[PDB]
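Quick reminder, even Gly has a Cβ in these numbers, built from the backbone with ideal geometry, and neighbours come from all protein chains shown. Read-outs: derived from the displayed coordinates by stated rules, not from any lab.
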Amino acid sequence: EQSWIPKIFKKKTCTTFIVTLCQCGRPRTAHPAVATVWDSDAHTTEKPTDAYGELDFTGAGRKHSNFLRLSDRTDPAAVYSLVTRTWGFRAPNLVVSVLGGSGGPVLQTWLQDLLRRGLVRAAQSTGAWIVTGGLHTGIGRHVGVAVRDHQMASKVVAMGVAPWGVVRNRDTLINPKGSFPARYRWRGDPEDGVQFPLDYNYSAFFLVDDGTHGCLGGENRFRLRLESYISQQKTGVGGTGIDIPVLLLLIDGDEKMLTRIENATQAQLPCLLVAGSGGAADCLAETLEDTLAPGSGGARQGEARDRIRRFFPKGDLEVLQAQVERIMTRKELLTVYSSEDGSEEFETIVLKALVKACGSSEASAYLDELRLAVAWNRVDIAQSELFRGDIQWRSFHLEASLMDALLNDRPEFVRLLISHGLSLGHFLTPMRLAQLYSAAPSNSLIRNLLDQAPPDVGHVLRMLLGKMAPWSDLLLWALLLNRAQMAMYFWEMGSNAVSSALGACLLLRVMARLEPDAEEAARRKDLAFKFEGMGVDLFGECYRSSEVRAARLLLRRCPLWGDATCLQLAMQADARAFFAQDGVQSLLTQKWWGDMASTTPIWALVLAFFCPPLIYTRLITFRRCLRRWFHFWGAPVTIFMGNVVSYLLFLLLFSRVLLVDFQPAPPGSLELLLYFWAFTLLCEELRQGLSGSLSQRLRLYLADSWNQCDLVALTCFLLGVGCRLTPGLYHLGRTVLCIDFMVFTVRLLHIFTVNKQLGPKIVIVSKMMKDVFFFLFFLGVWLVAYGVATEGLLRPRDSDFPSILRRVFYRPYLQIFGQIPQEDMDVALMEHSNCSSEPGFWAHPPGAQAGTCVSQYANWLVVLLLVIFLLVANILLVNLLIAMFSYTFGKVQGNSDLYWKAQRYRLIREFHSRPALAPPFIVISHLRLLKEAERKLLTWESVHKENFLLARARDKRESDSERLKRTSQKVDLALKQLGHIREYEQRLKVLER
Ligand SMILES: [Ca+2]
Ligand SMILES: [Ca+2]
């Protein structure tokens, strides 16, 4: 699989001998028989490489480390092609060449923290490369341990170049046919100062061969050539890609490092220097700090720095000064990274260095910098540098960046790119949308839905909602992928803003209910709440602007979201806060009163209902006569009042029949009328269920508690009729009909839900069930204990299971409500008599169900138990229940009010489609049963949304915190200008004298 590797690469040997010890490092005794000044290329022999393979470090590791030995005189193009194609390494978006000596086995804690936190994280984020020394020493060791720490805390392709000869255990790497299995003794016990082990954190190794036993600086030429070639290469895909930025990071160093950085600046490579690193690196930082310092008093400052910031050797020599001057001749390329007391953030510094290194008006040269800015989450640097207006951009130049920002969840970046005159409509294509949807994160819920379902999002939406403009598509994609800021921005640019917000809330809630992550669902619910709040604010502003237009058209309309009104969307989403606002409540009241004025008094309505001619007077404010009659009798409130009156009459008839007319004889006229009335009620309930996708509407109808109560009442009535008509089940029928009448009477509580001050009371009463159950359980346990103890102590002689159960449960239960049979428990209140032959003394209670006679061995204990039971039950439990009720009532007032306001719409919709006749007469009604304006309204809504967003932005900018930020920036700019003025004044004073 590596046949061409020995052919396209070469290895260098010592060949000639140039002295007992050569400059080549190989002794004359072990020297080729072919044996002034040694020459790297003239005194060497080229041979095929015999050290390539994949290293597998013993112990922990990835079992994959491509190692290659190549001669110094090799074109970097072949090496780069080998890495990109044969080894499968992806084209890097960035190459960072960390350089320096870093004398000392350990480095500063702040420096190591900066390395690990900035460089490795940035490389992981952008998929960069880190090219360092391929040895376990100094900066190579530091970057290796930083990469290891980052890896174990989560990959990063951190390569390494090392000279051939300074590598320990080079004997095990030789296999001409391939070293794919390779064991390396990196943990070797012997230690030496000339050969170093290879780090186990590097993905690849390039062993530069120069025909020496091992030295330093022999890989510098190949390193620089590789960096320069990579700097002039595209990110794969041939010429369709963009250039690969290359940056050099220098930490400490020596004269060799100074020559390296000078050559790199000559080769037009951006460089980055860290302040505080040490010698040979802080010298450049101090020189940049001086900047255009005057020669007078600064000419000797160079020698001063060379003597204080560098070692005494070569400090007096001016060759170092010449190198410094050559470096400063091209100071534009390189920059200095201020420590800033451990900033641990240098992505902005890298972006600034890269943007200042190019210096070209063409936008093609800044594509790599824009991609790096998009990969990171900093937008101020990109806007200030790339989008300063000097660079002329284009839609096709920004399309790839927009795609990358969308895929990588960069909301500020997509906002900025769209803001810069980008045609979104022409940008979006079906293939791009398919890519966006395929960019789902791993095995997410949306990914599962896509797999179950060419995006084919219509099927997913139909299966989620029920199935009963690029901005909309982008909003749907963001909601499906759960991107909060993306969804917010897309909604801000939408057309049907209120409907979009309500549908977004519905979709987020229904997907959170379906999401098994148990943590992403919380974020979905939070985003749904945010969208609901935005919709509430927007609709409130629209209603305050024009009540009629908003209330009429904006809600009662069918958009393209689901072909359902906004009220229906809110009801499905259970957006209680949407119904809580005053505009929605006013619209609901207007619909509830129909064609009648919402200010019509209740007594006037009752008088009109009981006096039909009264509707043709000034009492009620709204052919003409028939129209008025149908308007009055079709209003939902009148339907509700008629239904209430009919239900009261039905209950009265039921009570009359059950109490008087219910006889074992065949049913009379009134009983038949009651049967017909119940049949009509059943027909009405069936109509409600069937017309409330048969299964979906049926289960929606069954979801209401009142509908369940009606169904169970009708079932009980049917069972009662069946038992009554049975020849031998009259009593059972009567009993079950009594229970059914109780259920029908309990059904009457639905009336109070209409009243504004009573519905929340009903909701709170419904919520009191937890406290009720707790009290019931505690009371049941205490009753069981006390009853069993008292029954055991008394020892009544009845000993009958029904009587035992009575004396254990029923009597102590009645003792709670003041029914205390003292004469049945206290022996002192009952006469003594002989009843049983059992030993002891017995007394005869006067009660009928208290037993024939009870024991009187320890009756003071019975009295004490009675006292304790009375205390506990009648005081402690009752007061605890009262306290719990008070606490619950105080706690859930607002939630109950919101729930009532939400269900008010459901009630109004239920009574909007009910037949206009009463249930007794509903049989005949059942038998009879069986553009420019839209665009103007949307423009008005969009204008109001824009005004709301502008007002919110103005409020945010006018806040105290933002004002403090702005004044701090102003003070900083003033200080900078004052420093410039001080320098100018000093220069002018120097020149004048
Ligand atoms: Ca560039
Ligand atoms: Ca019903």
Within the stretch 768-835, which GluC sites (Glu not before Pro) sit in a loop by DSSP and count at most 13 neighbouring Cβ atoms inside 10 Å?
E831
May I ask you to order 800-812, 948-960, 697-709 by the average number of other C-beta atoms within 10 Å around their residues, highest value first?
800-812, 697-709, 948-960
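Pairs to check: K7/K47; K756/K901; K761/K901; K591/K936; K11/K177. Give those whose C-alpha atoms are more than 20 Å from each other in this structure. Numbers along the way, then the final one.
Values: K7/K47 9 Å; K756/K901 9 Å; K761/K901 13 Å; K591/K936 24 Å; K11/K177 15 Å.
In this structure, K591/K936 exceed 20 Å between Cα atoms.
Exactly which chymotrypsin sites (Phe, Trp or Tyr not before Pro) in the stretch 63-92 are in a DSSP loop and have at most 15 other Cβ atoms within 10 Å? Walk me through the numbers on the way to the answer.
Numbers: sites: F67, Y80, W87, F89; in loops: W87, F89.
Passing both the DSSP loop test and the Cβ count: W87.
With Kirkwood's inverse mean 1/r over C-alpha pairs for Rh, give me the Rg to Rh ratio of the chain, two decimals please.
Numbers: Rg = 44.6 Å, Rh = 38.1 Å.
Taking Rg over the Kirkwood Rh, I get 1.17.
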Computed E for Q969/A322 - FRET, C-beta separation, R0 41 angstrom, nearest 0.05
0.45
Which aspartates and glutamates have a Cα lying under 12 Å from the Cα of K63, excluding residues fewer than 8 positions away in the same chain?
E54
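Using the Cα centre of the stretch 262-378 as the reference point, and only Cβ charges (+1 on K/R, -1 on D/E), how large is the resulting charge dipole? Debye, rounded to the nearest 20. All intermediate terms of the calculation are to be shown ahead of the outcome.
Numbers: 13 positive and 19 negative charges, 52 e Å.
Dipole of the stretch 262-378, to the nearest 20 debye: 240 debye.
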Please arrange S65, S3 by how many other C-beta atoms lie within 10 Å of their C-beta, fewest to most.
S3, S65
Along the charge dipole of the chain, which of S203, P915, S500 sits closest to the positive end, that is, farthest toward it, with unit charges on the beta carbon of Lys, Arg, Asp and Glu (+1, +1, -1, -1)?
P915
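Could you list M468, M493 so that the one with the fewest beta carbons within 10 Å of its beta carbon is first and the one with the most is last? Kindly include the intermediate steps, with their values, before the conclusion.
Numbers: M468 11, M493 18.
So the residues, fewest neighbours to most, are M468, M493.
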Roughly what % of DSSP beta bridges within the chain run antiparallel, to the nearest 5?
25
Order by neighbour count: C14, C358, fewest other Cβ atoms within 10 Å first, most last.
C358, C14
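Give a quick list of GluC sites (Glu not before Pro) in the stretch 310-398 that DSSP marks as loop, anything other than H, G, I, E or B, with at most 12 other Cβ atoms within 10 Å. Mind dumping the intermediate values first?
On the way: sites: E318, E325, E332, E340, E344, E345, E347, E362, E369, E385; in loops: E318, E332, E340, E344, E345, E362.
In loop regions of the stretch 310-398 (DSSP not H, G, I, E or B), the sparsely surrounded GluC sites (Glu not before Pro) are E332, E340, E362.
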So which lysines can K234 reach, going by Cα to Cα under 23 Å and dropping same-chain residues fewer than 8 places off?
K155, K352, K356
Farthest towards the positive end of the dipole of the stretch 366-453, among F413, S384, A453 and with Cβ unit charges of +1 on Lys and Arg and -1 on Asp and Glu, lies the Cα of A453
